[PDB]
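Asks: So the sequence lines, in the order shown, correspond to chains A and B.
The opening position of the first sequence corresponds to residue 1 in the UniProt record's numbering, with each subsequent residue numbered one higher.
The opening position of the second sequence corresponds to residue 1 in the UniProt record's numbering, with each subsequent residue numbered one higher.
C-beta: ideal position from N, C-alpha, C; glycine also.
Protein chains: 2
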Amino acid sequence: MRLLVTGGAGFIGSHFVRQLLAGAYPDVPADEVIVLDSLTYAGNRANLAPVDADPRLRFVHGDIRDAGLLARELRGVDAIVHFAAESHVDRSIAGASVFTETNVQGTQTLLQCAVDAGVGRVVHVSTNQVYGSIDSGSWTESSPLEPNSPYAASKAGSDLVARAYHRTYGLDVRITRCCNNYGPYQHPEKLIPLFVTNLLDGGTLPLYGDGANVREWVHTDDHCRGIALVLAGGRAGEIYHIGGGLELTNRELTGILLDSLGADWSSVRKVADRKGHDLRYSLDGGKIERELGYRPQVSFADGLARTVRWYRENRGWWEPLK
Amino acid sequence: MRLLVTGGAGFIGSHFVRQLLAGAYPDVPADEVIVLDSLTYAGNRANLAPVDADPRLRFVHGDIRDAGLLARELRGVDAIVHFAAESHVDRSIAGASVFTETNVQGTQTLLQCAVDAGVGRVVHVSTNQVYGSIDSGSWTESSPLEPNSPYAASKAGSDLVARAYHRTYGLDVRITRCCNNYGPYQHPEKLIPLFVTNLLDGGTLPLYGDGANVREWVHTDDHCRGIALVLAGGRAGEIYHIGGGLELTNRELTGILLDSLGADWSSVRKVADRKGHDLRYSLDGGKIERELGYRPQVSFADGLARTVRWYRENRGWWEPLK
Ligand SMILES: NC(=O)c1ccc[n+]([C@@H]2O[C@H](COP(=O)([O-])OP(=O)(O)OC[C@H]3O[C@@H](n4cnc5c(N)ncnc54)[C@H](O)[C@@H]3O)[C@@H](O)[C@H]2O)c1
Ligand SMILES: NC(=O)c1ccc[n+]([C@@H]2O[C@H](COP(=O)([O-])OP(=O)(O)OC[C@H]3O[C@@H](n4cnc5c(N)ncnc54)[C@H](O)[C@@H]3O)[C@@H](O)[C@H]2O)c1
Ligand SMILES: Cc1cn([C@H]2C[C@H](O)[C@@H](COP(=O)(O)OP(=O)(O)O[C@H]3O[C@H](CO)[C@@H](O)[C@H](O)[C@H]3O)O2)c(=O)[nH]c1=O
Ligand SMILES: Cc1cn([C@H]2C[C@H](O)[C@@H](COP(=O)(O)OP(=O)(O)O[C@H]3O[C@H](CO)[C@@H](O)[C@H](O)[C@H]3O)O2)c(=O)[nH]c1=O
Numbered sequence: 001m002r003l004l005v006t007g008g009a010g011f012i013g014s015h016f017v018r019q020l021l022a023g024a025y026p027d028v029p030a031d032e033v034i035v036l037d038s039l040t041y042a043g044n045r046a047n048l049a050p051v052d053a054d055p056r057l058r059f060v061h062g063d064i065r066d067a068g069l070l071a072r073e074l075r076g077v078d079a080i081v082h083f084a085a086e087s088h089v090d091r092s093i094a095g096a097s098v099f100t101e102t103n104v105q106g107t108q109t110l111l112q113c114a115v116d117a118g119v120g121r122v123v124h125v126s127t128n129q130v131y132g133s134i135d136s137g138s139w140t141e142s143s144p145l146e147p148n149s150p151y152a153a154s155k156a157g158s159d160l161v162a163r164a165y166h167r168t169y170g171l172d173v174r175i176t177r178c179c180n181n182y183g184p185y186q187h188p189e190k191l192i193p194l195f196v197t198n199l200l201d202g203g204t205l206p207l208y209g210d211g212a213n214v215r216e217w218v219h220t221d222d223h224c225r226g227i228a229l230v231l232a233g234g235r236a237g238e239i240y241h242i243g244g245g246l247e248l249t250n251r252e253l254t255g256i257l258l259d260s261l262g263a264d265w266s267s268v269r270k271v272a273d274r275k276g277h278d279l280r281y282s283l284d285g286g287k288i289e290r291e292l293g294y295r296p297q298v299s300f301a302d303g304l305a306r307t308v309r310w311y312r313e314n315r316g317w318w319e320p321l322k
Numbered sequence: 001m002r003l004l005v006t007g008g009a010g011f012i013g014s015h016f017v018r019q020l021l022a023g024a025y026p027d028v029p030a031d032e033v034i035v036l037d038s039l040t041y042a043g044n045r046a047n048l049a050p051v052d053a054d055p056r057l058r059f060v061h062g063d064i065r066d067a068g069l070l071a072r073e074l075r076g077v078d079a080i081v082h083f084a085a086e087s088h089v090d091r092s093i094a095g096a097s098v099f100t101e102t103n104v105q106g107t108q109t110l111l112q113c114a115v116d117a118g119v120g121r122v123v124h125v126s127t128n129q130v131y132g133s134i135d136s137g138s139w140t141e142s143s144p145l146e147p148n149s150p151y152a153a154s155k156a157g158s159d160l161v162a163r164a165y166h167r168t169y170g171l172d173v174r175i176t177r178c179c180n181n182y183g184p185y186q187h188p189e190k191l192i193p194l195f196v197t198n199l200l201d202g203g204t205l206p207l208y209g210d211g212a213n214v215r216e217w218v219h220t221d222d223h224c225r226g227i228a229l230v231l232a233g234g235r236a237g238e239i240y241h242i243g244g245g246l247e248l249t250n251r252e253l254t255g256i257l258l259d260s261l262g263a264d265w266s267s268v269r270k271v272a273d274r275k276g277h278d279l280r281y282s283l284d285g286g287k288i289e290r291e292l293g294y295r296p297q298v299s300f301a302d303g304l305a306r307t308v309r310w311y312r313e314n315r316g317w318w319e320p321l322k
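1. Can you have a look at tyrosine 41/A and say buried or exposed, based on whether 16 or more other CB atoms are within 10 angstroms of its CB?
2. Mark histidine 82/A as exposed unless 16 or more other C-beta atoms lie within 10 angstroms of its C-beta, in which case mark it buried.
3. Could you please give the first and the last residue of the uninterrupted beta strand (DSSP E) stretch that includes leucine 48/B?
4. Take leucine 36/A as the anchor and find which of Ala85/A, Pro55/A and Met1/A has the nearest alpha-carbon.
5. Quick one: give me the first and last residue of the alpha helix (DSSP H) that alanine 156/A is part of.
6. Whose CA, out of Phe300/B, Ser136/B, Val130/B and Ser149/B, lies closest to the CA of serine 142/B?
7. Answer yes or no: do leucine 57/B and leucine 110/B have a C-beta to C-beta separation smaller than 8 Å?
8. Going by the C-beta, is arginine 65/B closer than 7 Å to any heavy atom of ligand 2?
9. Write down the C-beta distance between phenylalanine 195/A and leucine 246/A rounded to the nearest angstrom, noting that I regard them as a contact closer than 8 Å.
10. Tell me whether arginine 163/A, by its Cβ, gets closer than 7 Å to a heavy atom of ligand 3.
11. Need the endpoints of the alpha helix (DSSP H) that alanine 236/B sits in, please.
12. Is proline 193/B helix, strand or coil when you go by DSSP?
13. Provide the residue(s) that pair with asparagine 180/A in DSSP beta bridges, ordered along the chain.
14. Using a threshold of 7 Å, is the CB atom of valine 125/B nearer than that to any non-hydrogen atom of ligand 2?
15. Less than 8 Å separating the beta-carbons of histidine 277/B and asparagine 213/B?
16. Return the residue from the list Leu70/B, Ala96/B and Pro188/B that minimises the CA-CA distance to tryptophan 317/B.
17. Could you spell out where the beta strand (DSSP E) holding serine 126/A opens and where it closes?
18. Per DSSP, what are the beta-bridge partners of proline 206/A in this structure?
19. Does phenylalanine 59/A come out as helix, strand or coil in the three-state DSSP assignment?
20. Exposed or buried, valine 308/A, counting other C-beta atoms within 10 Å across all chains shown (16 or more means buried)?
21. For ligand 1, any of its heavy atoms closer than 7 Å to the Cβ of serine 38/A?
22. Cutting at 6 Å between CB atoms, please list the residues of its own chain near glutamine 186/A, excluding the five before and the five after it.
23. Could you tell me which chain A residues have their CB closer than 7 Å to the CB of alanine 49/B, listed as they occur along the chain?
24. From which residue to which residue does the beta strand (DSSP E) around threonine 249/B run?
25. At a CB distance below 9 Å, what residues from the stretch 25-37 of chain B approach chain A? Give them in sequence order.
26. If you compare alpha carbons, which of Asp54/A, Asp273/A and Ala46/A is closest to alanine 30/A?
27. Grab me the residues of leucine 253/B's own chain with a C-beta within less than 7 Å of its C-beta, minus the 5 sequence neighbours each way, in chain order.
28. Between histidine 88/A and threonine 220/A, how many whole angstroms is the CB-CB distance? I'm expecting something under 8 Å.
29. Going by DSSP, name the residue or residues bridged to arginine 280/A.
30. What separation, rounded to the nearest whole angstrom, lies between the Cα atoms of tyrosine 151/A and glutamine 105/A?
31. Quick one: using the 10 Å Cβ neighbour count with 16 as the cut-off for buried, is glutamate 216/A buried or exposed?
32. Any heavy atom of ligand 3 closer than 7 Å to the Cβ of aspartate 90/A?
33. Could one say the Cβ of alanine 9/B lies closer than 8 Å to chain A's Cβ atoms, at least one of them?
34. Could you pull the DSSP bridge partners for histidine 187/B from this structure?
35. At the level of alpha carbons, what is the spacing between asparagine 198/A and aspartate 284/A?
36. Which same chain residues, not among the five before or five after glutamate 289/A, have their C-beta less than 6 Å away from its C-beta?
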């Protein structure tokens with residue numbers, strides 16, 4: 001079983017690789033694991049340090065946009081788990097082009113090379129942001145694509161490329177959509193690590209707009225497990241939501257973070273709101289529960305405590321990133 | 001070290017604050033920075049957006065003419081950097097009164113409150129226009145005050161108030177005089193931003209009179225650094241010229257601007273000359289060089305390229321101002 005994981009040196013991808021190599025996914029035979037990652041500002045070899053010497057791992061410093069490389073690296077690969085992408089909304093508003101280049105064009109190159117290489121199946125990792133914003137209720141897999149940021153539209157375009165590969169060429173590609181993830185090794189440009197590390201440095205927390213925005217949080221371990229279940233038992237062309245359950249306003253979350261670190265509101269700063277900021281995300285995960293048996297297993301309280309502790313203990317890791 | 005910067009939401013003042021907070025002036029201890037700005041048509045909170053959440057910054061929306069406010073805000077302040085003023089010659093010709101009110105009366109109120117508050121030192125930001133026009137040669141700090149516009153006479157009157165505060169009350173006030181500044185965040189009523197943004201909008205450039213007027217240009221970063229050197233090491237009551245070196249006719253500069261944007265002379269329009277338009281400005285900066293070590297470090301070609309690019313990339317900022 002040869003598996004290729006793109007974006008495996010990033011936050012979620014590295015967790016997937018680590019778990020896999022650790023044997024957390026018995027149903028996912030992985031005798032050979034190739035990680036393909038271009039090492040952008042978000043890719044970090046340290047994320048794979050724990051599995052560095054594993055004889056089953058091959059690390060490829062390269063790009064999904066590189067057709068030649070792929071045509072070689074995908075030879076005899078049975079499956080691909082695709083996490084490689086530009087992932088930050090803020091960066092997408094500031095410089096949008098890279099998002100279409102990596103997310104849409106990169107996905108197309110990858111999927112065409114998969115077809116050319118006879119790859120058996122692909123799990124295309126996506127996000128709940130393709131659905132825009134939802135005032136009340138939760139989105140299901142049939143919800144409309146109404147992305148509001150360049151990042152979200154790039155992911156949605158990638159999802160559409162995946163569909164077309166399945167419909168035109170018969171490629172067995174499965175799509176997952178998940179809510180905000182959190183956990184160790186998340187880059188500090190993201191909300192939780194940013195705020196936790198800012199407090200660790202005795203700094204302020206830049207709370208966008210009024211902090212009323214709502215996000216659903218899932219520990220990355222749960223997301224990864226959902227992906228492994230889709231990889232092992234999903235169906236060609238299907239979309240699967242992987243949720244975490246827990247919905248919080250950014251204000252609520254900030255309070256929780258402050259509490260966790262013994263800090264107070266005085267460390268918060270109201271800053272201009274993000275342009276086109278999505279008010280609320282909420283996913284319905286009944287499909288994957290009923291069809292594949294997935295449900296989040298890490299409680300926010302526990303997961304969060306552990307994450308904060310991780311940041312406390314790994315300044316050497318995050319400091320250089322800030 | 002508590003510092004109060006008036007006019008800190010304007011063009012130059014915001015750059016000074018940003019640089020300071022960024023650590024560009026190691027010799028200027030700034031544990032606490034208060035910015036006092038009345039937010040006239042020229043003051044813009046967006047100019048301080050990048051430093052908004054900095055715990056060392058306190059933004060005070062208020063006026064230098066407000067004695068009561070000052071008497072409170074100057075408590076325990078060690079130094080003041082005074083940039084607040086009405087800065088456009090054209091506006092001064094159209095409605096002169098505000099120039100005496102803000103520039104002269106505002107300075108007097110500020111300096112008297114400084115005395116009442118025991119403020120250690122003040123850097124009064126002034127201009128080369130107090131010297132009138134110079135056909136050949138450059139002005140030194142002993143050059144005569146021969147202002148020709150209501151704006152220039154208001155600045156010169158403010159400089160005289162500063163001298164009197166130093167001579168009568170012992171206030172340690174240092175005066176700086178500089179040439180035309182340019183750079184990001186300059187309000188588009190000024191020559192460069194006006195012409196660059198007009199070209200960006202596909203409009204014409206209103207070239208006053210024959211365009212033969214000569215101006216000396218300095219990037220604001222250099223000016224700010226000169227101010228920081230005077231603040232840290234100048235001497236009470238002294239005047240210091242901060243120059244940029246580069247002298248150009250407005251016609252020459254227009255050509256440079258056109259070139260930079262791929263436009264041509266056809267976009268220019270000869271319009272009536274400004275009343276009492278000063279023919280040429282030229283400052284000698286040997287004093288500050290020999291006494292404080294200052295010399296401009298940003299070459300016009302580089303500085304300008306970057307400025308134009310800034311305007312290209314920040315329509316959202318300037319558009320609302322036009
Ligand atoms: N972070 C979340 O909360 C979340 C929620 C849902 C979905 N997702 C999706 O999960 C995936 C992983 O996100 P993440 O948070 O781990 O992202 P990340 O920003 O932590 O990491 C992205 C990784 O992809 C690599 N990469 C970027 N462009 C590349 C290219 N052209 N070729 C090869 N490698 C490239 C980077 O070097 C990096 O290691 C993304 O597709 C993202 O859209 C993320
Ligand atoms: N722009 C230049 O090329 C240049 C060259 C030499 C000297 N100067 C001097 O430098 C200083 C800064 O000029 P600038 O170009 O940044 O000006 P500007 O027009 O960009 O900004 C002036 C700022 O002062 C504030 N202000 C005006 N009146 C006020 C009042 N009564 N109380 C408080 N705040 C008030 C405004 O809100 C604004 O933020 C001025 O004193 C100007 O005379 C400018
Ligand atoms: C970075 C930052 C963020 N925020 C707010 C904006 C959002 O409402 C919320 C979370 O911000 P971010 O960490 O940037 O995450 P968000 O935009 O929700 O998107 C995340 O979750 C998405 C799934 O919802 C993933 O697809 C994205 O890749 C991932 O980055 O916190 C602040 O208030 N201040 C900040 O400094
Ligand atoms: C706005 C404008 C200006 N001009 C000319 C007039 C001047 O000769 C030259 C620069 O004009 P302004 O941008 O208004 O700048 P100027 O009067 O030289 O004064 C600037 O530099 C001064 C220092 O010299 C500062 O004290 C002033 O605050 C600052 O505004 O360009 C035009 O030909 N057309 C225009 O539309």
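Replies: The short version:
1. Flag for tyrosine 41/A reads exposed.
2. buried
3. It is not in any beta strand (DSSP E) - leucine 48/B carries neither H nor E in the DSSP assignment.
4. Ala85/A
5. 150-169
6. Out of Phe300/B, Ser136/B, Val130/B and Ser149/B, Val130/B has the C-alpha closest to the C-alpha of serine 142/B.
7. no
8. yes
9. Not really, about 17 Å apart at Cβ, beyond 8 Å.
10. Not one heavy atom of ligand 3 sits closer than 7 Å to the Cβ of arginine 163/A.
11. Under the DSSP assignment, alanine 236/B falls outside any alpha helix (DSSP H); it carries neither an H nor an E label.
12. helix
13. For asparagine 180/A, DSSP records a beta bridge to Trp217/A.
14. For ligand 2, a non-hydrogen atom lies closer than 7 Å to the CB of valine 125/B.
15. yes
16. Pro188/B
17. 121-127
18. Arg269/A, per the DSSP bridge assignment.
19. strand
20. buried
21. yes
22. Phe11 and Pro193
23. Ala272
24. 247-249
25. none
26. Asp54/A
27. none
28. About 16 Å; that fails the 8 Å criterion.
29. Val214/A
30. 13 Å
31. buried
32. yes
33. no
34. None; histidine 187/B has no bridge partner.
35. 33 Å
36. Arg295
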